[PDB]
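Remarks on the overall topology
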Amino acid sequence: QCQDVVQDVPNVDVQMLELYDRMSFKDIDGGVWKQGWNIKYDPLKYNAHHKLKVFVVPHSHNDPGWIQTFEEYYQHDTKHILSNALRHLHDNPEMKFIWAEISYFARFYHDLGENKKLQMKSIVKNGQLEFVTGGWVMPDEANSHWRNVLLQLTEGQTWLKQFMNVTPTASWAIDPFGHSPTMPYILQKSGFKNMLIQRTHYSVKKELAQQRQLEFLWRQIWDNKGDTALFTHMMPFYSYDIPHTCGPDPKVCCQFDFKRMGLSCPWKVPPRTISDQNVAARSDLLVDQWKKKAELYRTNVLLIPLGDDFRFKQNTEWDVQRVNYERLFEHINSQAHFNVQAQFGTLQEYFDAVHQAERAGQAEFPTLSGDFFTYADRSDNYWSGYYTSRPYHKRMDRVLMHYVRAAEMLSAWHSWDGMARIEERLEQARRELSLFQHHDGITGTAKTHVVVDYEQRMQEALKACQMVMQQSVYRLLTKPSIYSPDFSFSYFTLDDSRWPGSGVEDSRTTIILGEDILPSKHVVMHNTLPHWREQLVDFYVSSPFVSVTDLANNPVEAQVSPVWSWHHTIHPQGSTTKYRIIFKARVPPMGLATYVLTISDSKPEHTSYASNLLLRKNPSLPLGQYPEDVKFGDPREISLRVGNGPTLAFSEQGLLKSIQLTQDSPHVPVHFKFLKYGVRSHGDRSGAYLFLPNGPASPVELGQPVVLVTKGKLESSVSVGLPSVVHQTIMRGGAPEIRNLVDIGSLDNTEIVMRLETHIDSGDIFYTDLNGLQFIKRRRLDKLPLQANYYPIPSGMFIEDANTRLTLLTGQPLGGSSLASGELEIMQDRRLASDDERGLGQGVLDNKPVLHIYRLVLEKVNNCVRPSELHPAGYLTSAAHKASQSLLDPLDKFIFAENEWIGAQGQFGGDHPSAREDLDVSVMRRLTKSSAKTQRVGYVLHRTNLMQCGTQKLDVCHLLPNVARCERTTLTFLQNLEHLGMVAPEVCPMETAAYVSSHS
Ligand SMILES: [Zn+2]
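Structure determination for this entry is recorded as X-ray crystallography, at 2.0700 Å resolution.

If you check the PDB entry, the protein appears there as Alpha-mannosidase 2 from Drosophila melanogaster. For this entry, the PDB title field holds "GOLGI ALPHA-MANNOSIDASE II". Taken directly from UniProt, the Subunit text for the protein runs: "Homodimer; disulfide-linked."

1. Description of the coordination of the zinc ion
Coordination of the zinc ion by the protein involves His61 (NE2), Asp63 (OD), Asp175 (OD) and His439 (NE2), with metal-donor separations of 1.8 to 2.1 Å. Considering all 4 donor atoms around the zinc ion, angles at the metal cover 92 to 165° and the coordination shape is irregular.

2. As for the state of the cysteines
For the coordinates displayed, the defined rule picks out 5 disulfides. Across a sulfur-sulfur distance of 2.0 Å, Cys2 and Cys988 are joined as a disulfide pair. Negative torsions about the S-S bond denote left-handed disulfides, and the value of about -80° found for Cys2 with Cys988 makes this one left-handed. Bonded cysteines in the protein are paired 1-10, 2-3, 4-5, 6-7, 8-9 when counted in the order they occur along the chain.

3. Remarks on the sheet that holds strand β7 (residues 215-218)
Ordered in space as β1-β11-β7-β8-β6-β5, the 6 strands form an open sheet in which the pairing is mixed. Looking at the sheet topology across the chains shown, the edges are occupied by β1 (14-15) and β5 (170-173). Packing of helix α11 (residues 347-359) onto the sheet brings it into contact with β5, β6 (194-197), β7 and β8 (230-234), and relative to β5 it is tilted by some 120°.

4. Concerning the pairing of strand β38 (residues 796-800)
Put simply, side chains in a regular strand alternate between the two faces of the sheet. The buried count for β38 comes to 5 of 5 residues, which makes it a mostly enclosed element. Burial along β38 is two-sided: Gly796, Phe798 and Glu800 and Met797 and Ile799, pointing in opposite directions, are all buried. Bridge count for strand β35 (residues 765-770) against β38 is 2 bridges, and the pairing is antiparallel. Following the sheet pairing, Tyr767 is matched in β38 by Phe798. One ladder, built from 5 bridges, connects β38 with strand β39 (residues 804-810); its direction is antiparallel. Bridge pairing links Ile799 to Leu806 in β39. Between β38 and the antiparallel strand that follows it, β39, lie 3 residues.

5. Observations regarding the UniProt feature "active site" in the protein
Per the UniProt entry, the sites bearing "active site" are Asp175 in this numbering. Here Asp175 shows up in the loop between β5 and α6 (182-188). For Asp175, a relative accessible area of 7% puts it in the buried group. Ignoring sequence-local partners within four residues, the contact set of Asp175 consists of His61, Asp63, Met138, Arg199, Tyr240 and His439. A polar contact of 2.9 Å, which involves the side chain of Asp175, links it to the side chain of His61.

6. So, the domain arrangement of the protein
As far as domains go, the protein holds domain 1 (1-379), domain 2 (380-490), domain 3 (491-610 + 890-911), domain 4 (611-889) and domain 5 (912-1000). Taken over C-alpha atoms, the centre of domain 3 sits 33 Å from the centre of domain 5. Both sides together, the interface formed by domain 3 and domain 5 hides about 830 Å², and carbon and sulfur atoms give 58% of it. If you look at where domain 3 meets domain 5, you find 0 salt bridges. Counting every contact that joins domain 3 to domain 5 gives 5 residue pairs in polar contact. When the residues that make up the side of domain 3 that touches domain 5 are grouped by side-chain class, the tally is 6 nonpolar, 3 polar and 1 charged.

Reading the values: rules and limits
- Residues numbered from 1 in each chain as written, not as in the entry; some residues may be left out.
- Heavy atoms only, no water.
- UniProt positions renumbered as here; feature names shortened; annotations may be inferred.
- Donors = N, O, S within 2.8 Å, 3.2 Å for Na, K, Ca; no water.
- Tetrahedral: all angles 85-135°; square planar, octahedral: opposite > 155°, others 65-115°.
- Disulfide = S-S within 2.5 Å.
- Pairing = 2+ DSSP bridges.
- Helix = DSSP H or I, 4+ residues; strand = E, 2+ residues; numbered from the N terminus.
- Contact = heavy atoms within 4.5 Å.
- Axes fitted to C-alpha atoms, helices over the stretch in contact; angles between N-to-C directions.
- Buried < 20%, exposed > 50% of the residue type's maximum accessible area, 1.4 Å probe, protein only.
- Polar contact = N/O pair within 3.5 Å; in protein donor to acceptor, adjacent residues only side chain to side chain.
- Domains from an automatic or database assignment.
- Buried area = accessible area lost by both parts, 1.4 Å probe.
- Salt bridge = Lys/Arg side-chain N within 4 Å of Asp/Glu carboxyl O.
- Nonpolar A, V, L, I, M, F, W, Y, C, P; charged D, E, K, R; others polar.

This is the structure in structure tokens:
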């Protein structure tokens, strides 16, 4: 029995879209607390019976890459911090410390002698060193896919459980640049009870501070019942540093950062050593700060973080921080007139205390739905820039996301011999991808050399996945009686037509066929999705005279197109030595399908040939053996249709102007246009973080560009060489695919945007997704500057009136908006000469060619059951969801390396159940190595919610044979929540559930 997530609108105290509408966002000088007010408390609030309980929580913010690489930071800082944490906590039993980034902690702990490891275990066992979140990293929450958020969590917690027998239930996220409700969603399904956040808009901090709504029960925007709710603490002030964590006046709080006496206080009053001669006056000053902070919160329990970036490095910082705070605590606790108990504490300690206060009925907490984007730290400094910064690696994230899913799924079907090194490869791949989830990784907010490290690590991870996938496929499709593997040998190379993209790197392999050299070639397609899929696939072939069969030698209809490249005035050139064979692979759920490419004399029976039309003035171009000559013509408008699918009209610069859905229905206008944003000459400069445009975007001079039109029975495309962008519309008989080869070059202080202009009556309403999990209603707010109407576009955005919807699906996270009724726009790249003064200490001048990929879905929704007009969520159609699925998890292509393949079977997984379209097996992962008694395999099942507009049961517990046991688990697989006999019940719309099947 499942919630309805469409018709029922949840009741919450704070709904962030609603709050945003009714908020003035006035940037008033508030006093010592610049972005709030002068806090008052009644001092008779406190007495011997109602005391203020103060937890002072030492911490050290450790970036796994930012100004330095992971390994640079490890050697310069983090190993010294964790060594000293070990020593000082051992010697000082009341001293406490929290640690978030398990990537750094695993690096450290594995390097320890056995004595140190057991000393480390003792300070974690007695709760002195407490792990918070326990993720590999503290992830980005804007650009990150929920799958990779769960991956990095799963990897840090699995490491903590294996090596420290602990699983944190309190999250600490002090640095991500705005906050997603995806985090509570995953954490609450991973056994968490509490989470803390910091970087929310100063006007939101003020508004919530005023109603003491900084602690709230954060539920998903669709959850009527509140089962998703997680207790959230929002910190009230500008920073997580010591000046902004003691209370409202940083000039006072900075005096209680005892490390600042080659560091100083900006407010020019230094810390002073605490003595019997000044402790009374210092404690008065400090407790006054504490009691002002407590006014903003509903319990008599107060959280005081004590730290900053890479703090607790030197042994004397540990002494000076600990000893001075001891003296203060000694004085304050001994002196009844304060009515304070103050002590070193952990985050869990804080939350426990707050819950005890809730139980005792001391406080009742408000409910909240929504997100905390776009973040502004002051004035108009909105952090929408990093939604696009380093878009190459943003793209690379999504490709590696898929290769890790595919590698884990393919290698999961079987136990492997350790000589195969499957587990080594998958651990490397998970960890490089996990590291990139860091809030200076996927964000593009790291120094040039660190981005290079991230790229080289993800490159290595891609090669590890390829090796696992090709080994796996060879095993799945070779006769058992023949299968005799060389675990070091390349049986298949992978073909990927979308990463990096030919035009970024000309690196795809050409299958070389000859009547004598080599007449045929086995190819295999993998389908990670759990339903039958039929998708056009392509390969490079050395002859255009190629025919496709399955292994059973049934002909398959195919099309051959030329291989086109673009060069510098920007014009295409065709190959005379390679061709694209295009055909429809039918692949089973979570399955494999084999096909054969065979050469012939001449045009084979079942292979068509695309025409080519080169629209320019002053035309010519050979194509070797390509049997249809390249035609020429002057720039002009062009219509194209593939299959019964839509009919697209293109300008004479090869940009979409119109879509006709069906043969009766109208030519709906849909104009693609490239524009620029610039940087402010005066005042605040755009950087890796901040988007600060000098006014609305201004159109790009296109000139007369060369337009290439390729027309074929299975696939046609319109390509054009614009300055900065080779734009391409590909048609295969449904929603078209948009490809931009973006080369911003050295156009300093430029942001290239792509805008869609329709007559859709959207108004001020658009929808953007969070972490590729949910779509959230946005409202353009004219009261906020442009950069504040920019939101993350991690996997899609859409506009709609009562009749029409346009959805743009992305293969990469980029920033975007709807800045006017019937518009969508999405930034492609940004080049920025200036730093934006958030500590990166450079601009963005390392741009490189990236191939961005999209699907464009124009649909009628007048017949779709749309949620209440008051609902803060949107839901994709089946067609838009399947289009996102085609971008993020396409079919994998495998070319057999060797001349002959004995044992070859033509299919795997034909028996596998084809689950409802809204269901996905997000994760298949074998949880046990071979040496193990009982093999265990984890499945994450996510079910989305599709808009209804008028399939076999999938039980993952049975996918593998000899199932002995089957548990519903936390999403990390670390805790059993339910023994099941051993059927997994399917999951509600917008729900995610994990299961582990055991095998005898
Ligand atoms: Zn950070």
